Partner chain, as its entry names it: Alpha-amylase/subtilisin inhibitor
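Only one chain is included here, represented as structure tokens and corresponding to the form solved without the partner chain.
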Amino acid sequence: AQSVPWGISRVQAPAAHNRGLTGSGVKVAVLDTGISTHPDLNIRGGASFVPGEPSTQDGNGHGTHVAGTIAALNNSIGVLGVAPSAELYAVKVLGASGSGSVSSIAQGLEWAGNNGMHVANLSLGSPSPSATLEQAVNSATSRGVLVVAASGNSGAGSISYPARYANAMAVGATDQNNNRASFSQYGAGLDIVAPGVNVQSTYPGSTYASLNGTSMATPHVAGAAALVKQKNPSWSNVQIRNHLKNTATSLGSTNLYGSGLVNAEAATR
């Protein structure tokens, strides 16, 4: 039996699926700890930028979980992603502890731009600005990639990097009441929010796990972008970003919520 996690329903992904929009033909790079083989995922390729770790398999779990929120397969098992037909690429930029470097993240963004990815999901952050990170975001954006990044989990009224940079779409987290989750960073630069509490998804060992974080909100938006790209294959990264914001359900102050809750039904109408 397949379950539909609450966040997938909350962003109205099944309504888009009923229109025939699943993310087919859209290339999504997951810049994370890797992605492990799993019966409910189909991984098309990828690359590792972590020294001495040549495989894209996930030694942590975080990247596999993020990947399943984007693209867990629509079948009779497991869960269901926002964009179950998206082409997933594992770009390993974080080590098994969840730590990375600016150099590994920047190289992953360069790879995404050079390999024609449509969306890059960055469920990660750094507390300090880095010109190398900013340049890599700008370079990927100029090449055509939509960069989607987590606002961070510190609870503070500023958002992490690279989400804070203008050319990254910054995603915060909501709970089941459509309130901002207490940990979700907010403030200047926040674009949109998505479910980020008690998110069930794929996990290494052919299993499933529930996690909390802005890391879990971000892939709902990356998946929604893939649905919009399938419907509108000529649209640019900037057009998709603005359309997601324009069709979001407002939740109140833009300082706390950005444009509001991502809505895949409204975005694909």
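Numbering follows the first chain given and starts at 1. Note that the rigid core is defined as the largest set of C-alphas that superpose within 1.5 Å between two forms.
S.K.: After superposing on the rigid core, which of 219-227 and 49-57 has its C-alpha atoms sitting farther from this form in 4 other deposited structures of this protein?
M.R.: Between 219-227 and 49-57, the one lying farther away in 4 other deposited structures of this protein is 49-57.
S.K.: Is 168-176 or 123-131 the stretch whose C-alphas end up farther from this model in 4 other deposited structures of this protein after a rigid core fit?
M.R.: Between 168-176 and 123-131, greater C-alpha deviation in 4 other deposited structures of this protein belongs to 123-131.
S.K.: Using only C-alpha atoms and the B-factors in the entry, which stretch averages higher, 171-179 or 129-137?
M.R.: The recorded data point to 129-137.
S.K.: Give the stretch, out of 218-226 and 198-206, with the larger mean C-alpha temperature factor in the deposited entry.
M.R.: Going by the record's values, the stretch with the higher mean is 198-206.
S.K.: Highest recorded C-alpha temperature factor, please, choosing from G113, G81, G152, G78.
M.R.: Answer for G113, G81, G152, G78: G113, with the highest C-alpha B-factor.
S.K.: Highest CA temperature factor in the entry: which of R44, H243, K27, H65?
M.R.: Going by the entry's C-alpha B-factors, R44 comes out highest.
S.K.: Ranking every modelled residue in this chain by its Cα temperature factor as given in the entry, which third contains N121?
M.R.: Within its chain, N121 is a lowest-third residue by C-alpha B-factor, going by the deposited values.
S.K.: Grab the CA temperature factor for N263 from the record and place it in the lowest, middle or highest third of its chain.
M.R.: CA B-factor rank for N263: lowest third.
S.K.: Could you look up the Cα B-factor of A86 in the entry and say which third of the chain it sits in: lowest, middle or highest?
M.R.: Middle third.
S.K.: Among the modelled residues of this chain, does the Cα B factor of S236 put it in the lowest, middle or highest third?
M.R.: Ranked within chain, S236 CA B lands in the highest tercile.
S.K.: By the recorded C-alpha temperature factor, relative to the other modelled residues in its chain, which third is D58 in?
M.R.: Middle third.
FYI, the form solved in complex with the partner chain isn't displayed, but the following is about it.
S.K.: Could you work out which of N179, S99, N198, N75 is the residue within 4.5 angstroms of the partner chain in the deposited bound form, going by heavy atoms?
M.R.: Filtering the options by heavy-atom distance leaves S99.
S.K.: Quick check on this chain: which one of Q107, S85, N167, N153 has a heavy atom within 4.5 Å of the partner chain in the deposited bound form?
M.R.: In short, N153.
S.K.: Hey, in the deposited bound form, does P129 get a heavy atom within 4.5 angstroms of the partner chain?
M.R.: Result yes; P129 sits at the interface with the partner chain in the deposited bound form.
S.K.: Is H62 close enough to touch the partner chain in the deposited bound form, meaning at least one heavy atom pair within 4.5 Å?
M.R.: Yes, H62 lies within 4.5 Å of the partner chain in the deposited bound form.
S.K.: Could you tell me if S123 has a non-hydrogen atom within 4.5 Å of the partner chain in the deposited bound form?
M.R.: So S123 counts as contacting the partner chain.
S.K.: Any chance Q185 has a heavy atom within 4.5 Å of the partner chain in the deposited bound form?
M.R.: Yes, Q185 is a contact residue.
S.K.: Out of the stretches listed (187-195, 76-84, 130-138, 107-115), which one is close to the partner chain in the deposited bound form, meaning heavy atoms within 4.5 Å?
M.R.: Going through the listed ranges, the match is 130-138.
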